[PDB]
Amino acid sequence: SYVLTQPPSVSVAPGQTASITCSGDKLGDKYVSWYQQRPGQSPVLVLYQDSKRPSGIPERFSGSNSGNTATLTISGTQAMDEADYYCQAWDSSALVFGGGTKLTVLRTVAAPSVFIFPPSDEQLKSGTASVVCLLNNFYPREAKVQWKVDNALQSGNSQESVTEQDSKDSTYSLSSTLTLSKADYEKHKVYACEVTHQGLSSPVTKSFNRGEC
Amino acid sequence: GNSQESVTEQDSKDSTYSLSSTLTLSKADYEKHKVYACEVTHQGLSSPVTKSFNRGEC
Amino acid sequence: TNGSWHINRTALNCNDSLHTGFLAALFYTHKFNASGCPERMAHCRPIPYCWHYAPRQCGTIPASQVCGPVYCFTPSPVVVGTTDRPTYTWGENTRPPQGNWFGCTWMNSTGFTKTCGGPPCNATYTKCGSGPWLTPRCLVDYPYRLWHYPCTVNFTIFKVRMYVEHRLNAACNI
Amino acid sequence: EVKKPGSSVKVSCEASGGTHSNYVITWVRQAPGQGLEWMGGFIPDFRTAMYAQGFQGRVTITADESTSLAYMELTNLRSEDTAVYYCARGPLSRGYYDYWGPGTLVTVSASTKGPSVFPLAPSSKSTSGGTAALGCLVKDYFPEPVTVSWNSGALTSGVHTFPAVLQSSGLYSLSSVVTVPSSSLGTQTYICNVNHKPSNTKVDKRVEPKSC
Amino acid sequence: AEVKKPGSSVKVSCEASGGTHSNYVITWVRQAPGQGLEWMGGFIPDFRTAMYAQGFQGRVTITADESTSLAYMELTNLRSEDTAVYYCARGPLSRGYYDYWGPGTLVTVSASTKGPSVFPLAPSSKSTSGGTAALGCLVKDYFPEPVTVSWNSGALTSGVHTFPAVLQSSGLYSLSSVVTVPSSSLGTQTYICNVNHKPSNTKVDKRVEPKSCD
Ligand SMILES: *[C@@H]1O[C@H](CO)[C@@H](O[C@@H]2O[C@H](CO)[C@@H](O[C@@H]3O[C@H](CO)[C@@H](O)[C@H](O)[C@@H]3O)[C@H](O)[C@H]2NC(C)=O)[C@H](O)[C@H]1NC(C)=O
Ligand SMILES: *[C@@H]1O[C@H](CO)[C@@H](O[C@@H]2O[C@H](CO)[C@@H](O)[C@H](O)[C@H]2NC(C)=O)[C@H](O)[C@H]1NC(C)=O
């Protein structure tokens, strides 16, 4: 029996190059071909006859076959290159597919930008105040916001809504509302929004006095 | 219970530490457990990174 | 037939007792140096494995030995079926100026490649041409070309026009 | 199945077939986690009925002896009329209700009204970095969806539109935030374009730094 | 959606030549969930010949009809190991690389109706005190559910528990029953575990005796 071995997984960072090897016994005397498979999708050919790439695949992909190791080289890897890679070869009139290789790209950590917006003047005329604190682009999904009015932790009167990472990006974007009522917004001079997250050295607080805007 | 950490102080023109974790395995215990690994967590890293080596790969 | 379209007439008379696996080699082809090509290729000087051949004239051939379609070159590729001395049984039962084709090649039931064509003369592409060897290192490309010529896998693909005027794709090496 | 606003419902209780009953039918409604309330009465022997003060105008109790069934019709349902309707039967003249029947769940879906737009003031403290975050608030509307576009759709670089969140009342809230350079805060006109098709509501709203 | 009964047969269809020049070779590849790809066989439309993989030599069958221009493979005697997603590919005649992978086809089964097994759970070695010991019988590798556990003649209900059956890793089930008994009674009294499985029509009994101390 014949077997082709590949590393279980590989890790790299954006803009770097990753090398995937499909090694074997005297594998340099055979024509290999590599298949890329995204999760939930059928495999799509990426390389046939070692290095002759098909039409449509970006030029970044490149491979070679020599000795007992055949390698696939990726340059400028991006968040769209995550997918399993499969090796192929013919032996003794028997097809052989190499073990699945999982190529992962580790995305960098970006700190959030946070703002606090007071309540519109018009809403107060309708007996309702809503202070909204926002967290701009930030990758690590784990985030925590804590509204403290006049330095008194609050809970049970806030809601959270988030979007999905941009296609050509990896950062979310979060926002939190604090639904209040008039005769409660009329007091507690100091209002604050506290956010904790990676990247930030220490929690950052953005505040605004109830008076003087 | 069988690993020790030693750390140095940040360089003069720098503020970076350095850590070494030594794992002592009694003989006839390292003769098994094909796979070994070291998993680290820290800020800056998006997710934990583990570096692993097979016993007799080479 | 013109247009590269044969329906059912190819003779499916191929052997299986032999272990050579010529039919089994259809799916994949080995490398140039992985099939011992140079040993056989060294039988003819550089300046039917190579152009050095003396094909004879063939008028008719029994279908009991034909294995696969018989491809012939006008030089434009053409396929000829079995024929009564039109039978649809899968084989179970001249120079272009003067008509027909100079010569061509096929694959036999035993599992070896044999070629026949016009007689050698006494340099040209429309007078003495007999087989697909248009030039010393140029072949008329057809879909089954690899099967009959496994040693020409490394050859490149080139588009040429020949003079009637014929437009066909030929395979040549560096 | 959701009963549309302005419709009516019919709760059915077993009734005497035209003979001695020896029990007084009733009705009871229980809003989710809010206690019990009285709706109306009925005395099979005497066709008369008896309605509560709160539901005086919206209720009507009728019974049919051929089918041995009685029911009450409630019209002009509102969001406040989403609850579980019971049906009890007590002794003739004692007045304590016993043998409470299986509950019936009745639901209605609020109403339809357009959104209200309020602006979120941009940064008041001078941010020399060059990024001031604007945004208009869209809330108190029903049902899904609503669409927000900036500067008549001509500004789509940096616009964020967070998905709508279900408020406690039952309506919806939605926000939209755009980041722009600080130096271009007192020279360009920023306009929200909120459109709600079901209520045919189309409203603009200028957003400018608050005066100081 | 449905479960293909064990021992049944399934077929997968691929587009094929209607009886003319093909210029491609059709092959089939299956994929167990996340376990990589495996090869089954190929079939040239032009040539009646086919090719079979060594592993599946006794369960596959490739045949095609030119009238409908459709080719299909027949797989017989499906088992738990054959659950997977089936692909179809069409590459060049002799380039040895497959292109234009078709949509995935999912085939699933539900293993075979297997009887249970009983394994005693010995009590504590000595536990010579008022700390009433516990003993039980473990039921593993049975399918389909359920089973009923009855103690001696089904006449014991004081402090008897029967935990919900869990789904084992390999599509099977496990379940354990346990009772609490006074320590002093282990010397003389005997305890027996009785289990019944309906689909398997299997009744199994065992004696859960204390293990020897030397
Ligand atoms: C006053 O007397 C009675 C009040 O109940 C009325 O007659 C009732 O009518 C029902 C309905 O038709 C009758 O009972 C029926 O019997 C036959 C049996 O095949 C069938 O129609 C149904 O199965 C039903 O049971 C019966 O005549 C009577 N109901 C009883 C006796 O229970 C009557 O109409 C009232 N009004 C007047 C003006 O008489
Ligand atoms: C080879 O035999 C087949 C079957 O008789 C022919 O293929 C098709 O036959 C059906 C009816 O049997 C016709 O409707 C189709 O039109 C035929 N196919 C084509 C492409 O014409 C086929 O004609 C036979 N071969 C030849 C050369 O005629």
# chains A, B, ... in the order shown; residues from 1 in each chain; ligands from 1
call {"tool": "interface_residues", "arguments": {"of": "chain C", "to": "chain E", "cutoff": "9 Å", "atoms": "only C-alpha atoms", "output": "list in words"}}
result
residues 4, 5, 6, 7, 8, 10, 12, 23, 24, 25, 26, 27, 28, 29, 68, 143, 144, 146 and 147 of chain C
call {"tool": "residues_near_ligand", "arguments": {"ligand": "ligand 1", "cutoff": "9 Å", "atoms": "only C-alpha atoms and all ligand atoms", "output": "list in words"}}
result
residues 17, 18, 19, 65, 66 and 67 of chain D
call {"tool": "write_last_selection", "arguments": {"atoms": "N, CA and C atoms", "output": "CSV table (one decimal), in the first residue's frame"}}
result
chain,number,residue,atom,x,y,z
D,17,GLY,N,-78.2,21.7,27.9
D,17,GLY,CA,-78.9,21.5,26.7
D,17,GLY,C,-80.4,21.9,26.7
D,18,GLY,N,-80.8,22.6,27.8
D,18,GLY,CA,-82.2,23.0,27.9
D,18,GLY,C,-82.9,22.4,29.1
D,19,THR,N,-82.2,22.0,30.1
D,19,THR,CA,-82.7,21.4,31.3
D,19,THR,C,-82.1,22.0,32.5
D,65,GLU,N,-78.8,26.5,23.1
D,65,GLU,CA,-79.2,25.3,23.9
D,65,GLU,C,-79.3,24.1,23.0
D,66,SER,N,-79.4,24.3,21.7
D,66,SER,CA,-79.4,23.1,20.8
D,66,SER,C,-78.1,22.4,20.8
D,67,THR,N,-77.0,23.2,20.7
D,67,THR,CA,-75.6,22.6,20.8
D,67,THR,C,-75.1,22.4,22.2
call {"tool": "interface_residues", "arguments": {"of": "chain D", "to": "chain A", "cutoff": "12 Å", "atoms": "only C-alpha atoms", "output": "JSON, numbers by chain"}}
result
{"D": [116, 117, 118, 119, 120, 121, 122, 123, 124, 125, 127, 129, 131, 132, 133, 134, 135, 136, 137, 138, 139, 140, 158, 159, 160, 161, 162, 163, 164, 165, 166, 167, 168, 169, 172, 173, 174, 175, 176, 177, 178, 179, 207, 208, 209, 210, 211, 212]}
call {"tool": "select_by_dssp", "arguments": {"residues": "region 5-211 of chain E", "states": "strand (DSSP E or B)", "output": "count of residues only"}}
result
95
call {"tool": "interface_residues", "arguments": {"of": "chain A", "to": "chain C", "cutoff": "8 Å", "atoms": "only C-alpha atoms", "output": "VMD selection string"}}
result
chain A and resid 29 to 31 90 93
call {"tool": "write_last_selection", "arguments": {"atoms": "N, CA and C atoms", "output": "JSON list (two decimals), in the first residue's frame"}}
result
[["chain", "number", "residue", "atom", "x", "y", "z"],
["A", 29, "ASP", "N", 8.84, 11.57, -8.86],
["A", 29, "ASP", "CA", 8.70, 10.97, -10.18],
["A", 29, "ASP", "C", 7.24, 10.83, -10.59],
["A", 30, "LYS", "N", 6.34, 11.59, -9.98],
["A", 30, "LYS", "CA", 4.92, 11.52, -10.28],
["A", 30, "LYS", "C", 4.36, 12.93, -10.40],
["A", 31, "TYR", "N", 3.27, 13.05, -11.15],
["A", 31, "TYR", "CA", 2.58, 14.32, -11.32],
["A", 31, "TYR", "C", 1.58, 14.48, -10.18],
["A", 90, "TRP", "N", -0.94, 9.38, -8.49],
["A", 90, "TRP", "CA", -1.31, 8.06, -8.98],
["A", 90, "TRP", "C", -0.19, 7.07, -8.67],
["A", 93, "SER", "N", -1.82, 2.06, -10.31],
["A", 93, "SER", "CA", -3.19, 2.15, -10.78],
["A", 93, "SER", "C", -4.16, 2.32, -9.62]]
call {"tool": "closest_residue", "arguments": {"among": "C:38, C:91, C:46, C:96", "to": "ligand 2", "atoms": "only C-alpha atoms and all ligand atoms"}}
result
C:91
call {"tool": "residues_around", "arguments": {"residues": "residue 2 (chain E)", "least_positions_apart": "6", "cutoff": "10 Å", "atoms": "only C-alpha atoms", "output": "PyMOL selection string"}}
result
chain E and resi 107-110
call {"tool": "write_last_selection", "arguments": {"atoms": "N, CA, C and O atoms", "output": "short mmCIF file (atom, residue, chain, number, x, y, z; two decimals), in the first residue's frame"}}
result
data_model
loop_
_atom_site.label_atom_id
_atom_site.label_comp_id
_atom_site.auth_asym_id
_atom_site.auth_seq_id
_atom_site.Cartn_x
_atom_site.Cartn_y
_atom_site.Cartn_z
N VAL E 107 -25.40 10.69 2.29
CA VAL E 107 -26.02 9.39 2.54
C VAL E 107 -25.75 9.02 3.99
O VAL E 107 -24.60 9.11 4.45
N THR E 108 -26.79 8.59 4.71
CA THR E 108 -26.69 8.30 6.13
C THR E 108 -27.39 6.98 6.44
O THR E 108 -28.31 6.56 5.73
N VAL E 109 -26.94 6.34 7.51
CA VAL E 109 -27.54 5.12 8.03
C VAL E 109 -27.66 5.24 9.54
O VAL E 109 -27.30 6.27 10.13
N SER E 110 -28.17 4.19 10.18
CA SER E 110 -28.43 4.19 11.62
C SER E 110 -27.87 2.94 12.27
O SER E 110 -28.48 2.35 13.17
#
call {"tool": "decode", "arguments": {"residues": "region 98-160 of chain D", "atoms": "C-alpha atoms", "output": "CSV table (one decimal), in the first residue's frame"}}
result
chain,number,residue,atom,x,y,z
D,98,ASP,CA,-64.7,25.3,41.1
D,99,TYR,CA,-63.6,23.0,38.2
D,100,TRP,CA,-61.5,25.4,36.3
D,101,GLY,CA,-61.3,24.4,32.7
D,102,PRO,CA,-58.3,24.1,30.4
D,103,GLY,CA,-56.7,27.4,29.6
D,104,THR,CA,-57.0,29.1,26.2
D,105,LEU,CA,-54.2,31.3,24.8
D,106,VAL,CA,-55.1,34.4,22.8
D,107,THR,CA,-52.5,36.6,21.2
D,108,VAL,CA,-52.5,39.9,19.2
D,109,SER,CA,-49.6,41.7,17.5
D,110,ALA,CA,-49.6,45.4,18.6
D,111,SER,CA,-50.2,47.8,15.7
D,112,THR,CA,-48.3,49.5,12.9
D,113,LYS,CA,-46.8,52.9,13.1
D,114,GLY,CA,-43.9,54.8,11.7
D,115,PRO,CA,-40.6,55.5,13.3
D,116,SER,CA,-39.3,58.6,15.1
D,117,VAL,CA,-35.9,60.1,14.2
D,118,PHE,CA,-33.7,61.8,16.7
D,119,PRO,CA,-30.1,63.0,16.1
D,120,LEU,CA,-27.0,62.0,18.1
D,121,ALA,CA,-24.8,65.0,18.5
D,122,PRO,CA,-21.2,64.7,17.1
D,123,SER,CA,-18.1,65.0,19.2
D,124,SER,CA,-18.1,68.2,21.3
D,125,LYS,CA,-14.5,67.9,22.6
D,126,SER,CA,-12.1,68.8,19.8
D,127,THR,CA,-10.6,65.5,18.5
D,128,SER,CA,-7.4,66.4,16.7
D,129,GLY,CA,-7.2,62.8,15.4
D,130,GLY,CA,-9.7,63.6,12.7
D,131,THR,CA,-12.6,61.3,13.4
D,132,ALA,CA,-16.0,62.5,14.7
D,133,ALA,CA,-18.8,60.0,14.9
D,134,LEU,CA,-22.3,61.1,13.9
D,135,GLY,CA,-25.6,59.1,13.8
D,136,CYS,CA,-29.3,59.3,14.0
D,137,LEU,CA,-31.6,57.1,16.2
D,138,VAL,CA,-34.6,55.3,14.8
D,139,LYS,CA,-37.0,53.8,17.4
D,140,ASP,CA,-40.6,53.1,18.3
D,141,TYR,CA,-41.7,51.5,15.1
D,142,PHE,CA,-43.3,48.3,13.9
D,143,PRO,CA,-43.0,46.0,11.9
D,144,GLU,CA,-39.7,45.1,10.3
D,145,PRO,CA,-37.9,46.5,8.3
D,146,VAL,CA,-36.7,50.1,7.9
D,147,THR,CA,-33.9,51.5,5.8
D,148,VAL,CA,-31.5,54.3,6.6
D,149,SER,CA,-29.3,56.1,4.0
D,150,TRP,CA,-27.0,59.1,4.3
D,151,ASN,CA,-26.9,62.2,2.1
D,152,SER,CA,-29.5,60.7,-0.2
D,153,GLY,CA,-27.4,57.5,-0.5
D,154,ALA,CA,-24.3,59.3,-1.7
D,155,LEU,CA,-22.3,58.5,1.4
D,156,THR,CA,-21.5,54.8,1.9
D,157,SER,CA,-17.8,54.9,3.1
D,158,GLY,CA,-17.8,54.0,6.8
D,159,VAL,CA,-21.6,53.9,7.3
D,160,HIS,CA,-22.6,51.4,10.0
